[PDB]
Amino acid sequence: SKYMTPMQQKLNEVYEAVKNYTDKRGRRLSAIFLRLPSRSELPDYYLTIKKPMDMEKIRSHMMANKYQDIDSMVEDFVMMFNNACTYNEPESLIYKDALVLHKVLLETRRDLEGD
């Protein structure tokens, strides 16, 4: 139980790379992405976003061993960054942070290309 399979390790590595990324000032870009607020706290959001996504949702799937491959988890991250960029303005901080984290996601996945 305590030992992760290779796929499980890779999933975890990608998830963690995005979660733990910090910029030069020590700011964890993941902060606002961990958990999306409520439909009642964000009326305009849920009416605009077809498939809402946050890192806690991704982390829960992973922990339930529900991702079958790396691409499946990447797709959810991509949904999240797409959602953030859709809702928010191109000059907004959330939008910029979503672009940075997107790069981290693809770099990490590619750096693990074999393993």
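Take the two forms, superpose them, and find the largest set of C-alpha atoms that agree within 1.5 Å; that set is the rigid core. One rule holds for the numbers: they count along the sequence shown, beginning at 1.
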Superpose by the rigid core and compare 42-50 with 28-36; which one moves more, by C-alpha RMS, in 8 other deposited structures of this protein?
42-50
Please work out whether 95-103 or 6-14 has the higher root mean square C-alpha deviation in 8 other deposited structures of this protein relative to the shown form, with the rigid core as fitting region?
6-14
Read off the CA B-factors in the entry, average them over 24-32 and over 62-70, and name the higher stretch.
62-70
Regarding 37-45 and 50-58, which shows the higher C-alpha temperature factor on average in the entry?
37-45
If you rank the chain by CA B-factor, which third does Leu93 end up in: lowest, middle or highest?
highest
Relative to the other modelled residues of the same chain, rank the CA B-factor of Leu106 and answer lowest, middle or highest third.
highest
